[PDB]
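Protein chains in written order, with UniProt numbering: chain A, 2 to 65; chain B, 2 to 48; chain C, 12 to 93.
The block underneath contains the structure these notes are about, expressed in structure tokens.
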Amino acid sequence: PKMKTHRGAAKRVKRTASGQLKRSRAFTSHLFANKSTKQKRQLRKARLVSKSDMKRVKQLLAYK
Amino acid sequence: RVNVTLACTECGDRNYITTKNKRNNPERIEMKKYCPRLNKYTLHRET
Amino acid sequence: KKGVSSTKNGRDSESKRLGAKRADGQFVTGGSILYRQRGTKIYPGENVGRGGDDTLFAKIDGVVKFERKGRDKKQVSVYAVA
RNA sequence: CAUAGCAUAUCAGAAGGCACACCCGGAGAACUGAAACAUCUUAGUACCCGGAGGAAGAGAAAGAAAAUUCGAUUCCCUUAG
RNA sequence: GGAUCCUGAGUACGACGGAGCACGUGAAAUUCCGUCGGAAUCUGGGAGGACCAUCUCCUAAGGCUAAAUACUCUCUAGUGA
RNA sequence: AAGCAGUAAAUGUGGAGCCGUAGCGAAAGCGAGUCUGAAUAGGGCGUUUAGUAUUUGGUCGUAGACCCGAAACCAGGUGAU
RNA sequence: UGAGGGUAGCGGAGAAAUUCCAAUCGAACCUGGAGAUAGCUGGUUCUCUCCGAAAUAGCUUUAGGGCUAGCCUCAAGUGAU
RNA sequence: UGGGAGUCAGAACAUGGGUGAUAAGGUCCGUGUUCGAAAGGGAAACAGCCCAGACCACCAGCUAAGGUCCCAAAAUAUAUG
RNA sequence: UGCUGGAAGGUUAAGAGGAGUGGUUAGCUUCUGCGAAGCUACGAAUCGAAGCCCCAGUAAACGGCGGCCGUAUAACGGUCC
RNA sequence: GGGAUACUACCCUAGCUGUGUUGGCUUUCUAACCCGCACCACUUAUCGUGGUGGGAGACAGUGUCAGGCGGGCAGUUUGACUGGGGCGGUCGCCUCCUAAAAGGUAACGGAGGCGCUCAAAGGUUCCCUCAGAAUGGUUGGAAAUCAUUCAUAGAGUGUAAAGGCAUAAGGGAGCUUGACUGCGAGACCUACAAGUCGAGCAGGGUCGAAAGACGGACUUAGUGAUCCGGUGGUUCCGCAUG
């Protein structure tokens, strides 16, 4: 029947121009007092999924 | 010795962080640094 | 089994892939690393900076030249004719 | 006294089973998956009960829109995993 | 026209506990359930997914309703890369 | 696509819908730019053609899903010859 | 010791032993869920050619399982790297 | 660049090393080789040793490790001791 | 410890008492708090039943009937509890 | 003096009255309600029924709600590693040796540290430069303190060992607040998660005469996702508009 999606992962990443997947970083959302500044802003970015996890997860995102 | 959070006057956010020592530094320390709201190194104090 | 007594000297670190990364002759970038170290085995010379971890980076792009420094010591040069 | 009860005197309305395939109700779990498990899911499934009709049920505006409302209801496709 | 009159009460609604409604008594506002309480009656009342003001709609608490839909114990007659 | 003429075909009919032809940004928004931003910068993402429909083959997914095989759990019943 | 009866499985009975409850019982038997589940074992159907490994890091309620990487294979591209 | 996979129990040799008892056809790493997945010759038989990689014939030839009195093909061959 | 009994010294609901209040507003001032009589929503000062702390009792109730230096409370001096 | 009689909750020390209508404390009534509570009867059915008298009595009981007890009962869990299992022991990071002159590399293999500290042990500017040994002396336990030469940094360098260090990164004086904002080409490690070093850019400041130099300590450890929850600000959406 119709394929479902990983709703919880819908909420964590965005699709790009070509086909890629634009993700939020992690090690955030709490205490940064134990952290430096370079280490704080360089996490204020967004990265791309690697092809490996992509291989693992491709069937999950049919509808983006 | 705690997570020390200084409150700027009008930079408006709960931004800057450092170390202190209560035994060495029990009172409220203050000093100069760049609050980027204004393009200048201005004073802030513990709060 | 039966009573196998215990021990303690079973603790160590995860190594740090240290040492050099490039060699005498090859050409480089500006943000490029040349040597991860501790202390100063070799001192930066020309167009090189010593970062936090005594990590050496060539300021600029160019070839590398390890060489002695004093009577008995070492340094690094970087030359950008290229 | 009255009507009940009782009496006769009519009528048969009843049960019973049943295609419980479909339908409406009433009651109503586990193994399962989660790589263990309790929330969760399996599922309002399975099984019992009762109604059970030839279909049933629903159905006409205290509605949905900021609409200009198919104009009640029901059904098919999309909206859309 | 509509002034006046009529316009469905333990009802509406609330608290507590529980189910359900994709959505976990929680918003359940919508809708059921009990135990407590508990209303207005147009000049009123309700709804507008926390919510309400304004605005839109409607006027509850009474009833009936073919059509298109579902299944095949059957029956007929027929079909079968 | 549903649906309709047709006949359990076709073909025809049928344009509700779906993909692409501009992207960046959580978003308001902006547009070959856009986001951060402070600029355009710097950088990311872009940009600077070709795709869509049907079908074959291979994989994957949901349904027992290559096959046989438990101990055991649950619901309802039989049984004291 | 007989003929009649009375007790039902989460239960019955029991001078107690996990003992008995139709040749069986640490909770019987028939059906149904149910093709229950099975990281476990076994098995898995005609031919020729060409390439051709691995038994290793790493993380794991994980260790005889699994997911990436490693090393294979095929076809698109670049192309002396 | 993408498509489809299997492998995670490895074994012996020499060799560096640890552990053990300068024990083990032990055990853990490493560096190479062979088996696993590689038949054939030699090692009497002898998965890992020495030689060497089979497309298919042939009653042809040259060689390797090995070896040359009989079984069993090749020198009772030289010359030395 | 369990079991009682008890001083019941206190803390304890469901309950009573109500000093007081958002989201939106036709509302006193029209740069704005008497909260007013109106939807999505509420409080203290106080007490508060079983009981939980406090005390006697309880060993044919559970339980223990010990230990150290002189010494296999197995005799005894010191003894600890 | 010990609180404290102006006023005001208001009073033990009070007395007292009954008031619109009502509830507490307690008794009596009783219908209510109950009575496996005796008598009269339909029924010659002691069921049931009711009348009788008696009892009790608004009590409990029962419904809901809320509590505390509840192996009486039920469903689950009860880690791994491991020269079999088990007991023991350990499980996350940092440093050395094994580790074989790049890096890398195992062992229930060998040795040590960590779960922080310093607003001065930070930043800048300017001075200084080792203990130790003897050298020997009011002290002298020898040597404390002081004294002269050599001392290789051995001294010392906040915290384990390692590298490193007198450019002092060691130690002193003054200033201090760069223990700053927004970025960075790029490079390292690496399965992923990640983690690490960055020229320089604007920016703006501290110190310094300026040059310049400061994006935390000589380095290397000083915990830990994510969801959830919280708090505040908010280029924002937030329901017909508000």
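Positions of the beta carbon are idealized from the N, C-alpha and C atoms, including for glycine.
### Message
My assumption, with CB atoms under 8 Å, is that residue 47 of chain C sits in contact with residue 30 of chain C. Please give the rounded CB distance.
### Response
7 Å
### Message
For residue 13 of chain A and residue 36 of chain A, what's the separation of their Cα atoms in angstroms?
### Response
It is roughly 24 Å from the alpha-carbon of residue 13 of chain A to the alpha-carbon of residue 36 of chain A.
### Message
List, in chain order, every chain A residue whose beta-carbon is nearer than 7 Å to that of residue 18 of chain B.
### Response
34
### Query
residue 21 of chain A and residue 44 of chain A: beta carbons closer than 7 Å?
no
### Message
Between the alpha carbons of residue 19 of chain B and residue 69 of chain C, how many angstroms are there, rounded?
### Response
32 Å
### Task
Would you please verify whether the beta carbon of residue 4 of chain B is less than 7 Å from any beta carbon of chain A?
yes
### Message
Determine whether the beta carbon atoms of residue 23 of chain B and residue 2 of chain B lie at a separation below 7 Å.
### Response
Contact: yes.
### Message
How far does the alpha helix (DSSP H) with residue 55 of chain A in it extend, from its first residue to its last?
### Response
Counting along the chain, the alpha helix (DSSP H) containing residue 55 of chain A begins and ends at 52 to 58.
### Query
Taking the C-alpha atoms as reference points, what is the distance between residue 21 of chain C and residue 64 of chain C?
28 Å
### Query
Cα separation between residue 26 of chain A and residue 13 of chain C?
50 Å
### Task
Compute the Euclidean distance between the alpha carbons of residue 28 of chain A and residue 53 of chain A, then round it to the nearest angstrom.
21 Å
#### Entry: Sequence-distant residues of the same chain with beta carbon closer than 8 Å to residue 64 of chain A, five excluded per side
6
### Task
Can you give me the Cβ contacts of residue 36 of chain C inside the same chain, cut-off strictly under 8 Å, excluding the 5 residues immediately before and after it?
Same-chain partners within the cutoff: 74, 75.
### Query
How would you call residue 58 of chain C, buried or exposed, if buried means at least 16 neighbouring beta carbons within 10 angstroms?
Buried, since its Cβ has 16 or more Cβ neighbours within 10 Å.
### Query
For residue 29 of chain C, which three-state DSSP category applies?
In the three-state reduction of the DSSP assignment, residue 29 of chain C falls in the coil class, being assigned neither a helical nor a strand state.
#### Entry: Integer Cβ distance of residue 30 of chain B from residue 21 of chain B, believed to fall under 8 Å
The distance from the Cβ of residue 30 of chain B to that of residue 21 of chain B is about 7 Å, consistent with a contact at the 8 Å cut-off.
### Task
Give the straight-line distance between the Cα atoms of residue 45 of chain C and residue 81 of chain C, rounded to the nearest whole angstrom.
It is roughly 21 Å from the alpha-carbon of residue 45 of chain C to the alpha-carbon of residue 81 of chain C.
### Query
Taking DSSP as the reference, what is the three-state secondary structure of residue 85 of chain C?
strand
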